[PDB]
2 protein chains.
Amino acid sequence: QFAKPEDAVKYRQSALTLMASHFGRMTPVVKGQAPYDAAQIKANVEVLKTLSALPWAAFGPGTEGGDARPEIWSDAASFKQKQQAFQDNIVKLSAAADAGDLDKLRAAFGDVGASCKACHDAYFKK
Amino acid sequence: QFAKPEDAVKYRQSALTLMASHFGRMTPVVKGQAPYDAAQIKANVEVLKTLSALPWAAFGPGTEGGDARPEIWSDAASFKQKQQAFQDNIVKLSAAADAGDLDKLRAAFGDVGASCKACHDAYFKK
Ligand code: HEC
Ligand code: HEC
């Protein structure tokens, strides 16, 4: 769906921005600094689930740019493992949210965050 | 979820960018320039439905900025009508996609586009 590499870069940056917001906005809830409304969090994690599937199709071959490291494309299998592992960490978070289980939510939230960082430490130009 | 108005601006711009892509990428299909795969389009319109609900919460009071016109906030009811009408045009598109009905899809796609433009002509700083 992208005319030029720049269009793929713009798309993935936007998708990732929307993930950071839907993930990060739960931080006060996980910490207990804001109240826990199970239905609110269930709905928000559903949005996050949708968003979390979107960036990866915008790293198609030849779409070097932005703050993406070139290693994304020299080993397609390893990058795919990292996004698939991240999306399975999101599945654990979805399950916790759907169950209304705050303890599971806290644990899953931490593991999701670790998975974001794991990808960045290999594939983001700091 | 926004620390400063700038964060709401960044969010809505990103959400709107992701809408433009999920909407616009269907243009060749509606025109017959690309093939029609009902299942593909159903799945894409579902993503668009999710995205199409997201921008409006990032125009909360005091979030002037970006290319948003101030009239968004001087008549909350009229802006709300426009986003709600746009989201109901998306419902027609969803129904067409879910039915696998290309003729309905073309008609709905046109009406969705008109609804985007209707909002821009009142509320976007050209
Ligand atoms: C690899 C499998 C990643 C996972 C998992 C996550 N992110 Fe990431 N992120 C990745 C790359 C390669 C890039 C650079 C994209 C580019 O072309 O510039 C990023 C970037 C971001 C950004 C900045 C977006 C922007 O405005 O330019 C943010 C805010 C971000 N990433 C957040 C984020 C979060 C919160 C994640 C887990 C919930 C996450 N990312 C996972 C690669 C990958
Ligand atoms: C009002 C109810 C709107 C409807 C319906 C749509 N859009 Fe719009 N759009 C609107 C505003 C007020 C703004 C400015 C936001 C800001 O703070 O700058 C926009 C902006 C866009 C953009 C640019 C985003 C960016 O990168 O900065 C795009 C690509 C865009 N809008 C696309 C778009 C499409 C395709 C729509 C229908 C499918 C649509 N918008 C509807 C207000 C409203």
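Quick check of the header: X-ray crystallography, 1.1 Å.
Just so you know, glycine gets a Cβ as well, placed from its N, Cα and C.
As recorded in Swiss-Prot, the features of this protein are as follows:
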type	residues	note
MOD_RES	A:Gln1	pyrrolidone carboxylic acid
BINDING	A:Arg12, A:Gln13, A:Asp67, A:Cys116, A:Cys119, A:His120	heme c binding site
Intermolecular Cβ proximity, binding-site residues A:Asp67, A:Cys116, A:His120 versus chain B, under 8 Å: none
Same-chain residues at least 6 apart in sequence whose Cβ lies under 8 Å from A:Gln1 (pyrrolidone carboxylic acid): A:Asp7, A:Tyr11
Structural state of A:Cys116 (heme c binding site), classified by DSSP into three states: helix
Cβ-centroid neighbours of heme c site A:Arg12, A:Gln13, A:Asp67, A:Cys116, A:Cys119, A:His120, 8 Å, sequence order: A:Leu16, A:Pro55, A:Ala68, A:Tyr123, A:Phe124
A:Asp67 (heme c binding site) in three-state DSSP notation: coil
Site of maximum Cβ density within 10 Å, from binding-site residues A:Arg12, A:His120: A:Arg12
